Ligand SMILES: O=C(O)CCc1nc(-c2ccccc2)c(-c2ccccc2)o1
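Next up: just one chain, as structure tokens, the form solved without the ligand.
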């Protein structure tokens, strides 16, 4: 998977990278800490499902969208991502099963996990 690599970026780093690069950043609208940060950082943003390009370029989704459906949608968008492992926590998945879904991503992505130790754990599950 030369098109995906794994870092440990907090939300401020992810947003700063996304603002500069305009890489697409998926955001689960049920994750209050993240939505709150976005609403305060980009005053006036109208959060709605799908692509919202305002401050940064977001793909807003609900966890009622199942992970493989989200990933097919993102594959069709054909944009480079900055993302957390999809389904992890939001869909009740552990890190290993989120990685299993992430194997279906065909677009380039930077994947952010909680800690440097999670980087090696995640990459081992992915490969």
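Numbering follows the first chain given and starts at 1.
Asker: Going by the B-factors listed in the PDB entry, is the mean over the C-alpha atoms higher for 113-121 or for 14-22?
Answerer: Taking the mean C-alpha B-factor of 113-121 and of 14-22, the larger value falls to 113-121.
Asker: Pick between 23-31 and 68-76: the one whose mean CA B-factor in the entry is higher.
Answerer: The stretch with the larger average C-alpha B-factor is 68-76.
Asker: Just grab whichever of 81, 98, 51, 45 has the top CA B-factor as deposited.
Answerer: Of the candidates given, the C-alpha B-factor peaks at 45.
Asker: Relative to the other modelled residues in the chain, which third contains the C-alpha temperature factor of residue 55: lowest, middle or highest?
Answerer: Within its chain, residue 55 is a middle-third residue by C-alpha B-factor, going by the deposited values.
Absent from the display: the form solved in complex with the ligand. The rest refers to it.
Asker: Should the pocket be classed as open or blocked once the ligand, positioned as in the deposited complex, is overlaid via C-alpha superposition of the site (3 or more ligand atoms within 2.4 Å of backbone or C-beta atoms defines blocked)?
Answerer: If you fit the ligand onto this chain using the C-alphas around its site, the pocket comes out open.
Asker: Where, among 98-106, 54-62, 72-80, 85-93, do residues come within 4.5 Å of the ligand in the deposited complex by heavy atom distance?
Answerer: Only one stretch qualifies here: 54-62.
Asker: So in the deposited complex, does any heavy atom of residue 34 sit within 4.5 Å of the ligand?
Answerer: Looking in the deposited complex, residue contacts with the ligand do not include residue 34, since no heavy atom lies within 4.5 Å.
Asker: Does the 4.5 Å heavy atom contact test between residue 46 and the ligand in the deposited complex come out positive?
Answerer: Answer yes; at least one heavy atom of residue 46 falls within 4.5 Å of the ligand in the deposited complex.
Asker: Output the sequence-ordered list of residues from 93-118 with at least one heavy atom within 4.5 Å of the ligand in the deposited complex.
Answerer: Stretch hits: zero.
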